[PDB]
Every structure is written in C-alpha cells, then in structure tokens.
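Protein chains in written order, with PDB author numbering: chain A, 1 to 11; chain B, 1 to 11; chain C, 1 to 11; chain D, 1 to 11; chain E, 1 to 11; chain F, 1 to 11. Note that CB positions come from ideal geometry on N, CA and C, so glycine has one too. Worksheet: the structure to be examined is printed underneath.
There are 6 protein chains.
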Amino acid sequence: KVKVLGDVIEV
Amino acid sequence: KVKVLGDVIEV
Amino acid sequence: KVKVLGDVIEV
Amino acid sequence: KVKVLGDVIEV
Amino acid sequence: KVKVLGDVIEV
Amino acid sequence: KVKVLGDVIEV
C-alpha cells in the first residue's frame, strides 16, 4: 500500500 | 517525536 | 487530482 | 482539529 | 524524485 | 513557517 510519511519542519 | 502519516487521495 | 491528507502523530 | 493537506511534487 | 509538500491546517 | 515535507512509501 502507498502511504505518506514525513516531518513537520520550520522554513 | 512528532511525524506525519497520511494517504494519497483523489479529489 | 491527487492530494495528500494526513495526520500529525506522536511516535 | 489539526490535519495535513499537501501535494505530491517532482523535485 | 517524487516528494510530499504540504501544510498543517485546522479543520 | 511550519510546513510538511515527506515521502511516498510502500507499506
């Protein structure tokens, strides 16, 4: 299954 | 730790 | 259209 | 409620 | 490369 | 600014 994994970042 | 988990959807 | 929908989680 | 909304991009 | 870019929103 | 950066993965 395709999923999204990521991070909360400051830009 | 804070992370992001989600899905790819069609809208 | 393809979009991403997800959640902020604690791991 | 906090949620994540985003896009699939090419980089 | 495919990546995800998005926002933290209130719903 | 807070943003989300992530990856499309297979699980």
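Rounded separation between residue i and residue j - CA only
{"i": "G6 (chain D)", "j": "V11 (chain C)", "result": "21 Å"}
Presumed contact (8 Å Cβ cut-off) between residue i and residue j, rounded CB distance
{"i": "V4 (chain C)", "j": "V2 (chain D)", "result": "In fact, because the Cβ distance is near 15 Å, the residues do not count as touching under 8 Å."}
Residue i - DSSP class collapsed to helix/strand/coil
{"i": "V8 (chain F)", "result": "strand"}
{"i": "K1 (chain B)", "result": "coil"}
The ligand ZN heavy atom lying under 7 Å from the CB of residue i
{"i": "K3 (chain E)", "result": "Looking for the ligand ZN in the displayed structure turns up nothing, as the structure carries no ligands at all."}
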